[PDB]
Amino acid sequence: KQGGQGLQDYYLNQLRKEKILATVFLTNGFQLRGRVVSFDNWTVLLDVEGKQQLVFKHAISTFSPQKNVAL
Amino acid sequence: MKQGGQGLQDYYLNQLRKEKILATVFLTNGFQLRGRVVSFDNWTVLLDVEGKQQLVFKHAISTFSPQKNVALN
Amino acid sequence: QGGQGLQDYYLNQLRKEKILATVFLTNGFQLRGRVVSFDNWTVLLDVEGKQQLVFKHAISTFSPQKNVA
Amino acid sequence: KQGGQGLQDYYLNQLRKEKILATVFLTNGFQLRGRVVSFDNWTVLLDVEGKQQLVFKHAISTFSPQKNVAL
Amino acid sequence: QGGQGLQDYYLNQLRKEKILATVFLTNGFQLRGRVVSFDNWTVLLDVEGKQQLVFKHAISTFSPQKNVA
Amino acid sequence: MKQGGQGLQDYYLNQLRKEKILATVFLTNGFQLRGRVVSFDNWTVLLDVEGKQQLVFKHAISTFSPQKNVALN
Numbered sequence: 002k003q004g005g006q007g008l009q010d011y012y013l014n015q016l017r018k019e020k021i022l023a024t025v026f027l028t029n030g031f032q033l034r035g036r037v038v039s040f041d042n043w044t045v046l047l048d049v050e051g052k053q054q055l056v057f058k059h060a061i062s063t064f065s066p067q068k069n070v071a072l
Numbered sequence: 001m002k003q004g005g006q007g008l009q010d011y012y013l014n015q016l017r018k019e020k021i022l023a024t025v026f027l028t029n030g031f032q033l034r035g036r037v038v039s040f041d042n043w044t045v046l047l048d049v050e051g052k053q054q055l056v057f058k059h060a061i062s063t064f065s066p067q068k069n070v071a072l073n
Numbered sequence: 003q004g005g006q007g008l009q010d011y012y013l014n015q016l017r018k019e020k021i022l023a024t025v026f027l028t029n030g031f032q033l034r035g036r037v038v039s040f041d042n043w044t045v046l047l048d049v050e051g052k053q054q055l056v057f058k059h060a061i062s063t064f065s066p067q068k069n070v071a
Numbered sequence: 002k003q004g005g006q007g008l009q010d011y012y013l014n015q016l017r018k019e020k021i022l023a024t025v026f027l028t029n030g031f032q033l034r035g036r037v038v039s040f041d042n043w044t045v046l047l048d049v050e051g052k053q054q055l056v057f058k059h060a061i062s063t064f065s066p067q068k069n070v071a072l
Numbered sequence: 003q004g005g006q007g008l009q010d011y012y013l014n015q016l017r018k019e020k021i022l023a024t025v026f027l028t029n030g031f032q033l034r035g036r037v038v039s040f041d042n043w044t045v046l047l048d049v050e051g052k053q054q055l056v057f058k059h060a061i062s063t064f065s066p067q068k069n070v071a
Numbered sequence: 001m002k003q004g005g006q007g008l009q010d011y012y013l014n015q016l017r018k019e020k021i022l023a024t025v026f027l028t029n030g031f032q033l034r035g036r037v038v039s040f041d042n043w044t045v046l047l048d049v050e051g052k053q054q055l056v057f058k059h060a061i062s063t064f065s066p067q068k069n070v071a072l073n
């Protein structure tokens, strides 16, 4: 649903469902290693060693997963 | 009853607000705040930091890092 | 009139009460002044009697000298 | 016309009409000293010592005029 | 389907032609890879067989090894 | 015939494009390019830099600095 974010929504939903570990590079140069708990259009909820991280997507540069998502 | 595509954001910040959970807020410029959520809209967050008020624009916010986890659904 | 009531109210109180505030930019640069006006994208600041038009996308935080009610 | 940019459009139009010199601080830390030739919603056209500068507004931090605009 | 025909066509050619490209981020950081997919906000890159989901707001420029027609 | 609020931008980049005027393009990260406009839409610019193609996102662009001034109206 909602066009122009089919890749984005699918990919983050795969990361979350598959519990794939990923490095999330922020545009400020900081980085987090975690699993996707949830997302909406503007934010992602992360688990980093049992603590919760709410990351704004405008702050995100890259997702780097441990293993690839099936397309 | 929600504006689509911001249900996670709105709920989480509201949970942070209602529970008055202390959080470290990392800004995109590398600055950081330790405080509690007083209010929010679509574009800004109002923080309580040691009894002083900080109005933070969400575009400048990178991460919310809470002291206690928020209950989801 | 939008989903922006917190921001509009707060900047409006800062203006009306003439509260002095430090405005930290995403630059890491900062301005210390009073708000004269704003719309959705900009704020007009008074800094030692001189006018500064700051874009809101460039702004990080408003830090007021005294709290807004 | 066009609500929520009454301050912005008026102020930049005053700078342009009045030919007031201003320092334009960019969010990258660079700065230009010039006069407003034109603007739309996303850009400003600047004159800096006789040469033209097209500045994107998303790149602009602050306008600092030599003299104040009448409100 | 928008005002975004240049961008959509170009990334689509890069993908179809399998052109290797350097992707410079607003970070000053860079990625060297191939485009697997994109939507309006993200691009999927192949970097040495590993997947990188890069947000378009984080991207500065695409620099292709060979020109697109 | 124009999309409101981008008449200056669209005209100027099109003039730069039609005249093939050489320009220095300063990016927000401090990087810079010297080239000519091949194409643009709302979100990107295509550059010719010494015969090589550069697709620049407009959000990463700070300034266009032209070699020759563009004729306005």
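Residue numbers (PDB author numbering), protein chains in the order written: chain B, 2 to 72; chain A, 1 to 73; chain D, 3 to 71; chain B', 2 to 72; chain D', 3 to 71; chain A', 1 to 73. A prime marks a further copy of an entry chain. The C-beta atom is built at its ideal place from N, Cα and C for all residues, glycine as well.
Exposed unless 16 or more other CB atoms sit within 10 angstroms - verdict on residue i
| i | result |
| --- | --- |
| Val49(B) | exposed |
| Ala71(D') | exposed |
| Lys68(A') | exposed |
| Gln53(B') | buried |
| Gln9(D) | buried |
Cβ of residue i within 8 Å of any chain A' Cβ
| i | result |
| --- | --- |
| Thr63(D') | yes |
| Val56(D') | no |
Short CB-CB distance (under 8 Å) between residue i and chain D'
| i | result |
| --- | --- |
| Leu72(B) | yes |
Min CB distance residue i to chain A below 8 Å
| i | result |
| --- | --- |
| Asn69(B) | no |
CB-CB length for residue i against residue j, believed under 8 Å
| i | j | result |
| --- | --- | --- |
| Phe57(D') | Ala23(D') | With 8 Å as the limit, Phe57(D') and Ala23(D') do not qualify as a contact, their Cβ atoms being about 17 Å apart. |
| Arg36(A) | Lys20(A) | 5 Å |
| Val25(B') | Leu47(B') | 7 Å |
| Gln6(B) | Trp43(D') | 6 Å |
| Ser39(B) | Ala60(D') | Not quite, the Cβ-Cβ distance comes to about 21 Å (not below 8 Å), so this is no contact. |
Taking beta-carbon pairs under 7 Å, can you tell me which members of the stretch 3-37 of chain D lie near chain B'? Those would be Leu27, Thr28, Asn29, in chain order.
Give a yes or no on contact between the stretch 3-15 of chain D and the stretch 20-37 of chain B', applying the rule of three or more CB pairs nearer than 8 Å. Segment contact: the stretch 3-15 of chain D against the stretch 20-37 of chain B', fewer than three CB-CB distances shorter than 8 Å; contact not assigned.
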